[PDB]
């Protein structure tokens with residue numbers, strides 16, 4: 010955090026050179042009551058390269088490092104030889120390459136390139152305006168209203184509006200006008216391309232979800248499906264969008280490695296698995312094996328989770344919704360279960376057919392565990408394998 | 010549905026302020042025979058925030088809530104201090120954030136952003152035209168033909184045409200012209216970017232299908248394949264496009280959860296599975312286990328589904344097409360089977376070689392069931408396992 | 010193929026109306042020595058709707088069907104009431120919706136939308152030029168050089184160049200100029216958006232392949248891999264691009280259904296499997312089971328396919344390359360094998376260690392068969408299971 | 010490498026014709042003191058087609088091959104018949120189709136199309152400027168300042184700026200101006216479309232990684248997860264970006280074929296597997312079977328790899344990080360292990376519970392081997408199966 014203020018100082022110094030140098034190439038009456046900031050700023054640029062080595080594709084800084092300027096501005100070099108004082112303007116490559124990585128994950132990398140392009144376009148419109156003001160016929164004109172017309176012209180040309188009120192006169196103006204018309208078309212094409220690349224990927228999570236629903240609907244209309252069930256599928260996708268933004272559960276935490284996925288499943292199913300009267304007193308490495316084999320399912324409002332009279336093979340842990348427990352005639356309510364609790368646990372040890380009917384109330388988000396998977400990962404731990412038989 | 014008319018009323022009130030405020034900052038002769046709508050509208054804006062709390080990133084509404092206006096327009100505040108009456112124009116952020124979610128799934132979210140941008144561009148071209156008309160040299164000119172020229176100018180500049188018939192004169196006009204040339208280039212770049220993002224994803228289902236066929240064709244031309252079979256593959260992809268829009272069956276209903284996928288398979292194979300003389304009288308939880316293990320295949324016209332003399336291991340249920348049953352010499356037709364019926368059922372219980380040849384007639388869309396899968400999910404139900412032996 | 014010429018005739022008739030109607034709304038001296046084509050063309054439009062029903080979102084054709092025109096042009100209706108003769112111009116929606124599906128898979132659907140947009144832009148620039156020529160001050164001017172200036176103006180405005188040599192004069196011209204400046208910006212944004220969507224997906228097969236190689240290279244440089252092997256991987260990807268255009272073998276023919284995939288594998292491995300002295304005389308349903316379980320691998324030039332002294336478990340069928348067979352010291356060449364033949368077959372029946380070393384010569388493209396897969400699908404056919412034991 | 014200089018010579022000759030031919034169609038005073046390069050260049054073009062056949080969609084070269092020119096320029100053919108000397112300009116299709124494949128994998132194919140388009144736009148702006156200079160009213164004007172104004176005009180029109188200082192006068196100028204306004208809008212739309220397609224796919228690896236992290240974060244905020252673990256996941260994704268650029272290990276080397284994947288795994292795990300005292304003296308075909316079944320996992324700093332007292336089933340090989348070995352109380356350090364070494368090896372032969380606790384120090388990048396996979400691929404090699412029992 011103490012080199013960040015130095016990078017900001019370097020950015021300020023090179024932004025100062027980018028504003029000052031083409032403005033003083035036109036006006037010789039400057040630079041003399043402003044030389045001390047030249048001294049401070051060239052000392053800053055020559056002192057940057059030891060801090061560019063220590064505590065920190081190298082030749083832009085090396086070419087901006089030397090005082091190639093101050094020699095033109097003292098010895099009063101003529102026009103086609105003065106322009107090498109533009110070599111300091113190569114410093115912006117170094118500042119660009121530093122700022123494109125010191126904050127390359129705070130913000131969107133498309134927005135960063137767009138802001139950098141807008142910065143370079145204004146900072147280069149200043150230089151083009153200074154060049155246009157340079158190759159004018161000299162006359163008595165204050166240095167505000169001869170710069171303001173040149174900046175008006177180089178904005179009218181670069182933004183391709185082209186009013187045409189003030190135009191080239193001489194051939195040496197017309198060649199400069201042709202080459203910056205090419206630069207204006209290039210910069211404005213780059214701006215439109217960056218805005219197009221910025222607003223194309225602007226909504227991807229919300230457009231991929233919209234494409235998937237349109238896919239499922241246009242498939243199920245071919246199978247001549249009922250409209251009630253199709254409305255229920257559409258409201259399922261509305262719930263799954265407005266809670267977890269479209270993403271499926273088991274495809275998200277497949278990209279985590281094993282210790283992080285174990286830790287996430289441990290933070291989720293912590294209070295849920297220290298309630299059952301079968302895993303009580305069991306070891307830690309048994310919990311960490313059953314906790315990685317839970318599978319998420321989502322029941323809509325009014326779905327039958329368990330019908331009484333079915334065989335029944337799985338046990339359900341509730342994470343988010345609520346659920347209700349009914350009798351075999353679906354008339355007399357036994358109780359109501361909410362998040363943090365479980366049901367259907369009397370199937371891991373036993374083959375018996377279900378004894379109650381469990382209907383959902385709202386959207387549930389409940390995890391389940393099979394019996395085949397339970398007995399498969401129960402085999403290699405013989406102590407719980409003998410513990411469950413006395414309850415069996 | 011009674012807050013929707015209130016949101017429409019709020020949108021109308023803030024659209025009214027956006028049209029009125031810069032038009033009355035230029036003309037002082039207004040606001041006096043039009044004050045009662047100011048009263049009604051500021052009461053609407055100050056009454057919106059209790060309904061913005063109850064029955065409904081907060082400070083735009085809070086800053087648009089206070090009557091910062093009417094004070095400028097009564098006490099006749101001068102020009103650089105009057106412009107704070109623009110604070111009411113911050114209300115459009117609230118209306119934007121409400122309308123971007125109350126109908127965010129009726130229409131395409133790209134079209135919504137494009138329409139919002141066109142609305143803001145016209146509604147801001149009005150304000151820019153009022154500013155241009157404000158900083159004109161005053162003269163005797165009716166208030167229609169001095170607004171019409173200003174709106175003509177601010178459309179010629181923002182749409183980057185730039186005729187150049189009426190241009191800046193003073194420096195204080197030229198600075199305003201430079202800054203709205205930048206705004207015009209920005210808004211027109213945003214329009215081109217949104218149109219490009221709208222017509223890029225406009226045909227995805229029809230372009231992905233076209234890419235897949237071009238992939239398969241360019242691969243099979245490398246293997247030096249026959250042209251007849253390649254024409255048959257291309258007409259298969261034409262059928263699969265013009266019926267179910269390219270999408271494969273088993274990748275679509277893999278994104279549904281278990282109860283919805285069960286219900287869809289139940290609505291499809293309802294009349295198909297209550298016909299066989301083996302599952303008759305069998306339980307409900309056996310149908311719901313064989314109905315999730317059917318696999319779709321599609322035979323073209325003239326394909327051999329079953330050849331007589333083969334071993335034969337699977338049973339086929341017809342969903343959409345038609346099919347014909349032939350003898351072992353493929354000369355004497357036995358019968359014809361259409362949708363809703365089945366064939367090949369004498370292989371689940373028996374090891375016997377096929378006794379007839381079944382050729383397709385048109386494209387079939389028929390589901391099949393294996394014998395290994397049948398015996399695998401038949402093991403855990405012993406009652407049907409003993410029921411099938413007496414037919415075996 | 011006899012309704013195609015009728016659709017071309019309908020397209021010609023409505024293109025004729027689109028060119029003629031705004032040109033005769035300006036000039037009253039027309040329509041009288043050109044009425045017989047009006048008769049023929051309105052008869053064509055009113056006769057299209059029975060052929061639009063028989064042998065073939081309906082109301083554009085129904086509104087273009089009636090002779091709402093000829094009444095204006097005979098009874099000489101004035102200007103704000105004549106414009107309903109534009110109702111015939113609604114026919115272009117029907118021709119658009121017909122042509123967007125009768126050839127929707129000959130060409131790229133992006134190119135079709137771009138060509139349709141260019142057609143509508145020229146065909147609407149004609150109408151806008153007729154409107155501009157209509158609201159001019161009348162004077163003595165030939166009907167060529169008053170149309171040519173109007174078409175020059177409506178191309179200078181719509182393509183956003185905007186010279187500004189001929190400009191609006193009256194307010195009723197300026198309103199028309201503002202509204203078609205908006206239309207010009209809209210049409211030119213649509214053109215840039217369609218060109219951008221056309222050249223973005225223009226090279227996808229050649230850019231996805233380039234991304235995959237850059238991915239593999241940037242991963243393997245992290246593992247600090249040798250440069251020789253990395254050059255060999257890059258030349259492997261060059262071979263796989265310049266033969267089958269990047270696509271992997273087993274992901275392409277996974278999108279075909281079972282009968283087409285069976286037929287493709289049958290056309291490939293036809294002459295290859297009627298050579299081995301183990302499958303000779305075996306049934307057809309054994310070939311059709313081993314021919315679906317072959318797996319493609321690709322060896323580079325100089326790779327060791329089989330080393331003599333290894334255990335050896337698989338048999339290799341050559342499809343495209345060539346290969347050479349060497350002794351155990353890799354010094355004395357036995358023979359050379361080319362496409363259509365096989366090697367390594369003495370491992371399906373036997374457990375014996377390999378007896379020769381087989382090096383590749385060029386890139387091979389050879390299919391292999393395992394021994395576990397062979398014995399797994401060999402179990403259910405007992406006759407070949409007893410046939411192979413006497414060779415075992 | 011000796012046909013590359015010939016392709017460069019052909020490109021130079023046709024670039025010479027593209028610059029010269031429309032410049033000499035305007036000026037008749039040329040071609041006479043410059044005929045020897047016509048002789049050399051037409052001989053080059055007619056000699057290209059035998060080298061286009063030997064050592065190397081054909082008719083552009085065949086139509087550019089004949090000397091259709093020199094006849095116009097000698098016999099002084101008039102204006103509407105001279106223009107067939109433009110047939111030589113069809114050579115650029117051949118040079119385009121050669122250069123689009125001789126370096127089609129050095130650089131990005133989007134940048135190549137953009138550079139080709141800029142080349143054709145300048146090279147066609149020259150021809151359009153020559154045409155504009157051709158249909159001018161003739162007067163006394165030097166051939167520099169009558170070409171410079173025409174090139175200024177055809178750049179002002181094609182880049183859609185449109186100053187409007189010099190405009191059409193005659194109708195035959197205005198038709199030419201309309202048709203090249205259409206060409207200017209087309210070329211500038213193509214430039215904006217190619218820049219948009221170039222900067223849209225410019226950062227894909229860095230944007231896909233950013234989308235995946237935003238996906239995981241927005242999912243885990245729904246599950247109400249702890250902020251400490253969420254910060255640990257975000258720093259895991261920062262490590263995985265700044266080392267191997269986001270790409271997962273086992274999805275990258277799944278696209279290599281079997282011999283290259285074997286060779287890569289051999290170059291990685293070479294010094295790692297010749298250290299264990301169990302595989303010492305074992306055969307080569309056992310190493311090449313255990314080296315393909317290693318699975319990469321990544322532990323963060325401070326994770327528990329092995330807890331002392333657990334059952335323990337796997338052996339870990341370290342590739343990149345460092346790790347520390349602690350006692351059962353996590354207080355007394357035993358030793359420290361770095362890359363190239365391994366731990367946990369006393370579990371392949373034995374069922375015993377772990378005896379030490381191994382915590383990570385930094386990010387590890389370590390490969391592991393299971394015991395089920397080890398015994399599964401250990402079964403088919405009986406010699407090592409009996410070798411491990413005496414250590415068991």
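Chains as they are written, first to last, in the authors' numbering: chain A, 10 to 65, 80 to 415; chain B, 10 to 65, 80 to 415; chain C, 10 to 65, 80 to 415; chain D, 10 to 65, 80 to 415.
Note that beta-carbon positions come from the ideal geometry of N, C-alpha and C, so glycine has one too.
My assumption, with CB atoms under 8 angstroms, is that residue 221 of chain C sits in contact with residue 134 of chain C. Please give the rounded CB distance. 6 angstroms
Between which two residues does the beta strand (DSSP E) containing residue 320 of chain B stretch? 318-320
If you draw a straight line from the alpha carbon of residue 10 of chain C to that of residue 268 of chain D, how long is it in whole angstroms? 56 angstroms
List, in order along the chain, the chain A residues whose C-beta lies closer than 7 angstroms to that of residue 259 of chain D? 283
If we require 4 or more residues per run, which alpha helix (DSSP H) segments fall completely within the segment 299-377 of chain B? 307-313
Which runs of the beta strand (DSSP E) spanning at least 3 residues fall entirely within the segment 174-262 of chain C, listed in chain order? none
Any residues in the segment 211-230 of chain D with a beta carbon nearer than 8 angstroms to a beta carbon of chain C? Which ones, in chain order? 212, 213, 215, 216, 217, 219, 220, 223, 224, 227, 228
DSSP three-state label for residue 415 of chain D, please. In the three-state reduction of the DSSP assignment, residue 415 of chain D falls in the coil class.
Residue closest to residue 282 of chain C, alpha-carbon to alpha-carbon, out of C:259, C:369, C:314: C:314
Closer than 8 angstroms between beta carbons: that is the criterion. Which residues of the segment 278-307 of chain B meet it against chain D? none
Note down, in chain order, every chain F residue with its Cβ under 7 angstroms from the Cβ of residue 267 of chain D. You won't find chain F in this structure, because its protein chains are A, B, C and D.
Using only the alpha-carbon positions, how far apart do residue 108 of chain A and residue 153 of chain A sit? Cα atoms of residue 108 of chain A and residue 153 of chain A: separation of roughly 14 angstroms, rounded to the nearest angstrom.
Flag this pair as yes or no: are the beta carbons of residue 185 of chain D and residue 248 of chain C separated by less than 8 angstroms? no
Is the shortest distance between the beta-carbon of residue 187 of chain B and the beta-carbons of chain D less than 8 angstroms? Under the Cβ criterion of 8 angstroms, residue 187 of chain B is counted among the residues facing chain D.
Min CB distance residue 97 of chain C to chain B below 8 angstroms: no
What number of angstroms, rounded off, separates the C-alpha of residue 140 of chain C from the C-alpha of residue 119 of chain C? 10 angstroms
Can you find a CB in chain D that lies within less than 8 angstroms of the CB of residue 323 of chain C? yes
Counting beta carbon pairs with one atom in the segment 382-399 of chain D and one in the segment 312-328 of chain D, are three or more of them shorter than 8 angstroms? yes
For the putative contact between residue 270 of chain B and residue 242 of chain A, defined by C-beta atoms under 8 angstroms, what is the C-beta separation to the nearest angstrom? The C-beta distance from residue 270 of chain B to residue 242 of chain A rounds to 6 angstroms, short enough to fall under 8 angstroms.
Apart from the five residues on each side of it in sequence, which residues of its chain come closer than 8 angstroms, Cβ to Cβ, to residue 362 of chain D? 341, 342, 343, 344, 345
Return the first residue and the last residue of the alpha helix (DSSP H) that residue 26 of chain B is part of. 13-35
Excluding five sequence neighbours on each side, which residues of the same chain lie with their C-beta closer than 6 angstroms to the C-beta of residue 333 of chain A? 377
Could you tell me the boundaries of the alpha helix (DSSP H) in which residue 141 of chain A lies? 132-157
Between the alpha carbons of residue 409 of chain D and residue 236 of chain B, how many angstroms are there, rounded? One C-alpha to the other measures close to 54 angstroms.
Are the segment 10-30 of chain B and the segment 47-56 of chain B in contact at 8 angstroms, needing three or more beta carbon pairs? Yes: the two stretches touch, three or more of their Cβ pairs being nearer than 8 angstroms.
Tell me, please, whether the CB atom of residue 175 of chain A is closer than 8 angstroms to any CB atom in chain B? yes
N-terminal and C-terminal residue of the beta strand (DSSP E) that residue 118 of chain B is part of: In the DSSP assignment, residue 118 of chain B falls outside any beta strand (DSSP E) and within the unbroken alpha helix (DSSP H) covering 114-125.
Identify which residue in C:337, C:116, C:306, C:115 has its Cα closest to the Cα of residue 392 of chain C. A check of alpha carbon separations from residue 392 of chain C across C:337, C:116, C:306, C:115 identifies C:337 as the nearest.
Give the straight-line distance between the Cα atoms of residue 18 of chain C and residue 29 of chain C, rounded to the nearest whole angstrom. 16 angstroms
Residues in its own chain within less than 8 angstroms of residue 218 of chain C by CB, not counting five upstream and five downstream? 137
Flag residue 320 of chain D as yes if its beta-carbon sits less than 8 angstroms from any beta-carbon of chain C, otherwise no. no
When A:199, A:272, A:335 are compared against residue 312 of chain B, the one with the closest alpha-carbon: A:335
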